[PDB]
Amino acid sequence: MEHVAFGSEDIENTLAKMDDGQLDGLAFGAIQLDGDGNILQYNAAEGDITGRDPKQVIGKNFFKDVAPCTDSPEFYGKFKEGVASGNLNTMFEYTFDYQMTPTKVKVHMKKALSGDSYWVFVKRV
Ligand SMILES: *C(=O)/C=C/c1ccc(O)cc1
């Protein structure tokens with residue numbers, strides 16, 4: 001297993017070195033989005049939590065296609081405020097309930113070290 005703790009202060013530096021295969025060794029869900037919300041990376045732990053097949057969601061828009069329950073001021077609204085500002089670091093609890101059993105999770109959104117990319121980390125609560 002890859003040893004990185006959910007919510008670590010330097011998580012973006014640690015994950016910058018990770019290929020899709022190493023991202024799959026994380027103890028929590030990790031999704032990398034571009035500024036428009038398109039999925040660039042989606043790890044195995046995230047698929048375990050949500051039921052989505054990782055390879056199938058890459059390239060889809062997270063807010064429009066995959067996760068409509070997140071299209072709200074409380075999730076997507078925070079993401080879009082962060083992209084526009086060029087800075088994002090927020091953690092909050094949320095319930096995923098689209099085409100799945102309602103599941104309570106802790107979400108951490110953070111701007112990646114890379115230019116136009118943002119991370120969404122997820123763990124069960
Ligand atoms: C609500 O529509 C949430 C859906 C969802 C959350 C996280 C995922 O990775 C996939 C779908």
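Rounded to the nearest whole Å³, what is the per residue volume of the convex hull around the Cα atoms of the chain?
96
What's the center-to-center distance, using Cα atoms, between segment 1-64 and segment 65-125 in Å?
12
Mind putting a number on the dipole of the chain about its Cα centre? Charges go on the C-beta only, +1 for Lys and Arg and -1 for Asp and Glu, and I need it in Debye to the nearest 20.
In debye, rounded to 20, the chain gives about 220.
Please list, in order along segment 15-27, the HN-Hα scalar couplings obtained from phi with the Karplus expression 6.51 cos²θ - 1.76 cosθ + 1.60 (θ = phi - 60°), rounded to whole Hz, x for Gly and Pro.
6, 4, 8, 8, 6, 4, x, 6, 4, 5, x, 6, 7
Report the relative contact order of the chain, percent, no decimals, based on alpha-carbon pairs under 8 angstrom and at least 6 residues apart. Please list the in-between numbers first.
Numbers: 217 pairs, mean separation 30.4, N = 125.
That works out to 24 percent.
Read the figures in this text as sums done on the coordinates, not as results from a lab. Reconstructed Cβ throughout: ideal geometry from the backbone, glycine too, with neighbour counts over all protein chains shown.
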